[PDB]
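One chain is shown next in structure tokens, namely the form solved without the ligand.
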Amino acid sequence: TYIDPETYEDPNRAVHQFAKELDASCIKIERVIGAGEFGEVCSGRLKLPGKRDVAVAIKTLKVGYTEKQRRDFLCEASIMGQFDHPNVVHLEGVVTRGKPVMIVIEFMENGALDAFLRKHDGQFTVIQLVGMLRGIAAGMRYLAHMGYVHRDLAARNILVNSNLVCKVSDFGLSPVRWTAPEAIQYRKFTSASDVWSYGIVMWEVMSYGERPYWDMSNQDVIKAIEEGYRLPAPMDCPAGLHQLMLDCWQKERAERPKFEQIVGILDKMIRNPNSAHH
């Protein structure tokens, strides 16, 4: 049930089907918490009726946007709006005409997974981290059994809340060291390549937010893979959990796990944490 915006007529149209338009006057912009492609990400609340004020993130499309920019930006809200799942970021709504243009998404107190882990370095148990991976897998299993291919899955694109519940995000707009080989070279983006990218995420998470392949040039990454280079089990990373990364990083995509399977393999691991070795 993933209807693609870009087979639709255009946002406006895509957005109005899939995003609720919110009154600007119920959106309190409290604080800048990033620069985004289009303007500043902020933090704040939204005033829903018969429900205590909800904390939210507010992506802003900066004033003086071309009619081009505006639609590329609201593409995100047309994709996001179609997904219900504990492990995909909830849209609250959007602002498209009349007021400053916004996508109100649910507040994720701990921010992006990659900046979050860098700050909390060594501070989480393998079981805890295996859990953060499970949520990202559950969300990706959903996004898959729904027709959607992410193309840009990374830990910098997973948001953590204040329960360590990780959530797939950044859904626009319809890379090298994240992107599978058959995708880099032949633009063949598929749930298969989203499993190559989940592997890197698994590596990011278990290394507490390192840069994949360190200071290696995008070209050095491409050669290395082509030869058979794969990243190593980071410190304290169990061999089994490291092998799930190798299965994800398999040249021929048909051989890669399914997110259905990644969810179970990780579920065994949490339960009995030794398997992570055996």
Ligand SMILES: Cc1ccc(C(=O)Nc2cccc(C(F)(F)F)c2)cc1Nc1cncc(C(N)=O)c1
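Numbers for residues come from their place in the sequence shown, where the first is 1.
Absent from the display: the form deposited with the ligand bound. The rest refers to it.
message = At 2.4 angstroms from backbone or C-beta atoms, do at least 3 atoms of the ligand clash after superposing the site C-alphas onto the pose in the deposited complex, making the site blocked, or is it open?
response = Blocked.
Query raised in the report: Quick check: do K59, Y148 and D170 each get a heavy atom within 4.5 Å of the ligand in the deposited complex?
Result: Each of the three qualifies.
Check your understanding: Which of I105, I136, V195, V101 has a heavy atom within 4.5 Å of the ligand in the deposited complex?
Key -> That would be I105.
If you check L159, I200, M132, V95 against the ligand in the deposited complex, which one has a heavy atom within 4.5 Å?
Going through each option in turn, the one that passes is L159.
Practice task
Answer yes if any heavy atom of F116 is within 4.5 Å of a heavy atom of the ligand in the deposited complex; otherwise answer no.
Solution key: No, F116 sits far enough from the ligand in the deposited complex that none of its heavy atoms falls within 4.5 Å.
Using a 4.5 angstroms cut-off on non-hydrogen atoms, would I79 count as touching the ligand in the deposited complex? Because a heavy atom of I79 falls inside 4.5 Å of the ligand in the deposited complex, the answer is yes.
Point to revise | 4.5 Å heavy atom contact, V41 and the ligand in the deposited complex | key: Residue-level check for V41: yes, a contact with the ligand.
- Message: At 4.5 Å between heavy atoms, is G111 in contact with the ligand in the deposited complex?
- Response: Yes.
*Would you mind picking out the stretch of 179 to 187, 116 to 124, 201 to 209, 83 to 91 that comes within 4.5 angstroms of the ligand in the deposited complex, counting non-hydrogen atoms?*
Going by heavy atoms within 4.5 Å, the stretch is 83 to 91.
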